[PDB]
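Below is one structure, written out as structure tokens; comments come after it.
Residue numbers (the entry's author numbering), protein chains in the order written: chain B, 1 to 298; chain A, 1 to 298.
Structure, rendered in structure tokens:
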């Protein structure tokens with residue numbers, strides 16, 4: 001019933017945020033910004049993605065940035081890993097944790113990484129095995145769990161099914177996401193109700209997109225169900241490809257702020273975060289959706 | 001426990017929204033926009049404020065707009081009424097409901113309408129008496145209930161105290177607001193817990209400001225406590241004077257949307273609302289904070 005005392009939030013701006021922005025950030029600047037983040041209080045940061053540069057030109061400097069960051073203690077630096085070939089590069093970059101990914105929706109999956117849910121499942125399976133065998137912590141990113149942009153509705157049995165497989169492989173955390181951004185507190189409650197009744201809440205994270213501005217709202221419902229892991233993007237970087245001109249993931253600072261007022265520890269020094277958000281915003285030459293960032297700019 | 005089946009949302013954009021925008025909307029345009037709203041599905045709209053034009057130059061055309069609107073059936077057209085002199089003008093305008101107002105915080109009250117809580121209380125007391133005597137429904141707007149920009153913290157006993165007086169006068173609904181916009185789901189829960197335990201939930205409305213982007217979040221908590229009346233502003237019109245450059249009240253469409261996905265009836269045809277939001281946004285020449293409006297603009 002009572003809200004948790006501490007909740008760990010994971011920053012994914014330098015990755016999910018930058019690869020979703022139609023602007024190229026100088027390879028150096030990325031480092032400079034990630035450095036700020038490192039000494040912000042956050043304990044987890046997806047510095048980049050090791051997907052072939054052809055598909056993610058905005059992050060073609062993955063290997064370079066992975067070796068440029070300051071890398072602070074107590075901080076878990078992670079990177080998206082598409083497959084073994086990618087895990088290889090990630091290993092050279094020094095990434096602590098590898099995050100595999102796939103879609104719950106067949107249509108979305110096949111039309112994103114071009115592979116059936118089974119095929120992908122098989123990939124991650126071994127991609128996870130080799131990762132751990134290299135003394136690397138793994139994390140899974142199951143997308144389109146709250147609805148698909150193509151299939152629209154997504155059955156709960158699918159999520160459960162996949163989720164069982166993912167956990168069976170040996171992953172450490174399954175991050176469920178709201179790709180299209182059409183989840184409501186009611187949906188997140190029935191969904192987490194069916195999931196939490198089979199997997200440990202400690203091993204489940206949530207990645208909400210407030211394309212409809214319901215992220216924080218969904219977060220509260222989740223906080224009530226027991227989830228204590230939430231993904232965020234500094235400044236709210238990253239637009240929704242399904243709906244251009246609209247915000248993507250929830251602004252990390254907005255998440256950190258509200259949690260603080262609720263007397264929930266995040267160990268994140270908001271002040272610093274806010275300063276960091278403003279930085280990229282300036283390098284972006286475009287205003288970020290973050291509400292507290294605006295307040296910060298007084 | 002289970003979320004309510006129906007929730008009435010009140011539009012206050014043409015008033016709280018326009019008087020908070022550093023731009024003058026042609027008296028006619030206001031009418032044209034309020035007309036759209038009237039046939040949007042909303043059943044309540046504060047068309048304007050009858051405070052002396054000297055303080056609210058953006059709404060100096062109150063009496064003019066009050067007679068220009070189309071005025072649809074089943075729609076409750078309300079206006080802000082500062083005192084008897086104002087109630088007089090409102091009466092000529094045809095306003096169905098008068099909304100008195102005051103601050104819970106002494107400092108805020110005295111530094112806004114320049115009168116102690118008692119003095120104001122005394123005003124509203126008789127201002128309400130004359131209103132009803134004229135066959136007019138009354139509503140009270142208690143502000144700074146979740147914190148003051150000056151006194152910062154605000155004791156719950158104060159709200160209760162005033163709230164008891166307000167209800168004792170004969171008002172029909174007490175709308176509690178988050179002026180500074182620094183309320184969290186935890187605060188709205190303890191607050192509504194202490195209030196709902198003395199006054200009927202049906203006679204209590206909430207006016208949240210997502211200056212910190214926590215509006216909808218706070219709304220969920222409220223929806224869980226029993227409140228079924230929420231104030232909103234089409235497009236998110238109206239900035240926060242305490243923090244310029246940041247959004248004010250929650251975007252009506254965002255509120256209507258989330259509620260719909262949760263299977264809660266608002267009888268508001270979102271599509272129409274969204275269209276209306278875009279309209280003023282264009283007349284504003286500035287983008288509105290509304291998330292769904294952005295999605296609408298595809």
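Using N, Cα and C, we set each Cβ at its ideal position, and we do this for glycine too.
Three-state secondary structure (DSSP) at residue i?
i, result
"residue 255 of chain B", "helix"
"residue 263 of chain B", "coil"
"residue 303 of chain A", "Absent from the model: residue 303 of chain A. The displayed extent of chain A is 1 to 298, so no value can be given."
"residue 1 of chain A", "coil"
"residue 189 of chain A", "helix"
"residue 68 of chain A", "helix"
"residue 297 of chain A", "coil"
"residue 54 of chain B", "coil"
"residue 184 of chain B", "coil"
"residue 290 of chain B", "coil"
"residue 60 of chain A", "coil"
"residue 300 of chain B", "Because chain B in this structure spans residues 1 to 298, residue 300 of chain B falls outside the shown range and cannot be described."
"residue 227 of chain B", "coil"
So residue i is in the alpha helix (DSSP H); what residue range does that whole segment cover?
i, result
"residue 244 of chain B", "Residue 244 of chain B -> not in any alpha helix (DSSP H); beta strand (DSSP E) instead, spanning 243 to 247."
"residue 199 of chain A", "First-last for residue 199 of chain A: undefined, no H or E at that position."
"residue 284 of chain A", "270 to 284"
"residue 16 of chain B", "Careful: residue 16 of chain B lies outside any alpha helix (DSSP H) and carries neither H nor E."
"residue 163 of chain A", "156 to 169"
Pull up the DSSP beta-bridge partners for residue i, would you.
i, result
"residue 11 of chain B", "B:45, B:232"
"residue 175 of chain B", "B:141, B:205"
"residue 77 of chain B", "B:45"
"residue 102 of chain A", "A:142"
"residue 239 of chain B", "B:247"
"residue 97 of chain B", "B:78, B:137"
"residue 115 of chain A", "In the DSSP output, where bridge partners are listed per residue, residue 115 of chain A has none listed."
"residue 152 of chain A", "A:148"
"residue 6 of chain A", "A:265"
For the beta strand (DSSP E) holding residue i, just list the boundary residues, first then last.
i, result
"residue 87 of chain B", "It is not in any beta strand (DSSP E) - residue 87 of chain B instead sits in the alpha helix (DSSP H) that spans 84 to 93."
"residue 38 of chain B", "From DSSP, residue 38 of chain B is part of no beta strand (DSSP E) but of the alpha helix (DSSP H) over 27 to 38."
Quick one: does the C-beta of residue i sit closer than 7 Å to a heavy atom of the ligand FMN?
i, result
"residue 225 of chain B", "By its list of ligands, the structure shown contains no ligand whatsoever, and the ligand FMN lies outside what it can speak to."
- the stretch 237 to 253 of chain B: which residues have C-beta closer than 7 Å to a C-beta of chain A, in chain order? For the stretch 237 to 253 of chain B, which is checked against every Cβ of chain A, the residues closer than 7 Å are 243, 245, 246, 247.
- Query: If you measure beta-carbon to beta-carbon, which residues of the stretch 192 to 221 of chain B are closer than 8 Å to chain A?
  - Reply: Going along the stretch 192 to 221 of chain B in chain order, one finds 210, 211, 212, 213, 214, 216, 217, 219, 220, 221 with a Cβ nearer than 8 Å to chain A.
- Positions along the stretch 259 to 281 of chain A whose CB lies within less than 9 Å of some CB in chain B: Listed by position, the residues of the stretch 259 to 281 of chain A near chain B (Cβ gap below 9 Å) are 259, 260, 261, 262, 263, 264.
- Task: Please list the residues of the stretch 126 to 159 of chain A that have a C-beta atom closer than 7 Å to any C-beta atom in chain B, keeping them in chain order.
- Result: If you check each beta-carbon in the stretch 126 to 159 of chain A against every beta-carbon of chain B, none falls closer than 7 Å.
- Query: Taking a cut of 7 Å between CB atoms, which residues from the stretch 77 to 102 of chain B lie near chain A?
  - Reply: From the stretch 77 to 102 of chain B, no residue has a Cβ closer than 7 Å to chain A.
- Return the residues of the stretch 286 to 297 of chain A that lie within a Cβ-Cβ distance of less than 7 Å from chain B, sorted by chain order. For the stretch 286 to 297 of chain A, which is checked against every Cβ of chain B, the residues closer than 7 Å are 291, 292, 294, 295, 297.
- Message: Can you pull out the residues from the stretch 21 to 49 of chain A whose beta carbon lies closer than 7 Å to at least one beta carbon of chain B?
- Response: Those residues of the stretch 21 to 49 of chain A that come within reach of chain B (Cβ to Cβ, closer than 7 Å) do not exist; the list is empty.
- Query: Taking Cβ-Cβ distances below 9 Å as the criterion, which residues of the stretch 162 to 186 of chain B are in contact with chain A?
  - Reply: Here the close residues are 181, 182, 183, 184, 185, 186.
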